[PDB]
Amino acid sequence: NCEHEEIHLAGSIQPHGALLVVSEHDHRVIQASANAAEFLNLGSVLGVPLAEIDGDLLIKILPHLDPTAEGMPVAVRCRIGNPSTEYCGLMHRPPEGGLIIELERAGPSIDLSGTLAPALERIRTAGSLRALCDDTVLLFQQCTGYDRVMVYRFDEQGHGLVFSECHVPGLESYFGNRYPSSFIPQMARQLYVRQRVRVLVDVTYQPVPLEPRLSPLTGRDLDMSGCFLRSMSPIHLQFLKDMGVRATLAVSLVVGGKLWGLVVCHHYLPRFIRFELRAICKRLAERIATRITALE
Ligand SMILES: */C=C/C1=C(C)C(=O)N/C1=C\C1=NC(=C\c2[nH]c(/C=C3\NC(=O)C(C=C)=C3C)c(C)c2CCC(=O)O)/C(CCC(=O)O)=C1C
């Protein structure tokens with residue numbers, strides 16, 4: 042590889058959310074994505090006390106600052122700005138740098154009450170790894186609506202194989218394609234064992250830089266390992282561009298503490314899935330991983 046890009050130190054986010062970093066000691070926003078004020082209908086954000094941004098959010102955050110019961114990551118409802126808009130705030134604490142709050146607009150979410158059960162039932166009947174992975178791609182297509190869904194499985198040599206695939210009729214089948222191990226470097230795989238869902242809304246996005254770049258608390262790049270809005274490697278973006286893919290969802294399949302493979306979805310237009318469905322997807326994938334795990 043390809044093992045040297047520090048993808049967790051991206052210094053920037055995708056533009057469909059905003060990112061705030063709050064000091065644990067004084068609760069001011071000490072670092073933010075450059076779009077944050079525009080995104081949140083605020084005049085300014087940098088240097089502003091969280092009490093000014095939204096008092097109710099500060100109240101929600103305070104108990105999480107107890108080192109004996111941090112209770113993060115956590116997803117909280119809040120209303121920010123004037124005019125006021127509802128957001129889901131996804132908050133976590135990196136080892137150093139302060140408290141990170143990533144905000145997505147609340148919006149319509151996909152409804153799974155009539156369609157999730159038949160797909161889950163099918164998974165439950167799978168008696169082989171073939172059946173299980175085929176059923177996995179149908180389940181995730183049915184829950185998410187992506188144009189193409191794959192199980193990307195690492196073989197015994199670490200090569201990537203598109204082991205199962207479904208897609209809307211007329212699109213290219215990547216089923217059976219095999220790729221070098223370095224197309225997903227070990228450093229990336231290691232991150233994906235911890236950060237189990239990634240959503241790339243538009244491959245062509247203009248990265249939104251953090252302001253300032255370096256954390257004021259450390260003088261170093263912000264650790265963005267746990268940020269759902271993190272900008273992704275330009276090499277990977279280029280890969281997807283050269284395929285003509287416009288958007289992706291990927292969910293880790295973790296077996297034995299290692300990345301066994303991924304559920305990888307492609308869309309040919311921009312696409313976002315909101316917090317709850319990301320969580321559902323993460324969980325489904327863990328359940329499927331338990332079954333793999335049992336199947337060999
Ligand atoms: C030499 C390094 C690389 C080459 C060559 C390359 O093609 N990519 C290289 C590095 C990275 N890959 C990263 C992530 C990544 N790559 C893939 C590969 C595929 N996705 C597909 O859909 C297909 C084919 C159908 C392939 C072969 C995947 C699935 C991922 C993870 C994507 C995700 O989680 O969304 C990567 C890190 C990206 C990042 O997280 O920032 C690098 C540096």
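Take 42 as the starting number for the sequence shown in our numbering and just add one per residue.
Positions of the beta carbon are idealized from the N, C-alpha and C atoms, including for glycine.
Query: Assigned exposure category for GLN55 - 16 Cβ within 10 Å defines buried; Result: buried
Query: Whole-angstrom distance between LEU60 and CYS43, CA atom to CA atom; Result: 28 Å
Query: Heavy atom of ligand 1 within 7 Å of residue 340 beta-carbon; Result: Summary: the structure shown does not reach residue 340, with the chain confined to residues 42 through 337, and so no result is reported for it.
Query: Own chain partners of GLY58 with C-beta closer than 6 Å, once the 5 adjacent residues on each side are dropped; Result: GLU143, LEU144, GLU145 and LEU270
Query: Rounded C-alpha distance that separates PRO253 from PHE204; Result: 43 Å
Query: Distance CB(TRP301)-CB(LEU294) smaller than 8 Å; Result: yes
Query: Sequence-distant residues of the same chain with beta carbon closer than 6 Å to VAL286, five excluded per side; Result: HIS307
Query: Neighbourhood of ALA110 by C-beta, 8 Å cutoff - its chain only, sequence neighbours within 5 removed; Result: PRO104
Query: Member of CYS119, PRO221 and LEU153 whose CA lies at the smallest distance from the CA of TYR193; Result: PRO221
Query: Span separating the alpha-carbon of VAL62 from that of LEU170; Result: 43 Å
Query: Enclosing beta strand (DSSP E) for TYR128 [first to last residue]; Result: 126-133
Query: Cα-Cα separation, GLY148 to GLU206; Result: 29 Å
Query: Nearest-angstrom Cα separation, counted from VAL234 out to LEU336; Result: 20 Å
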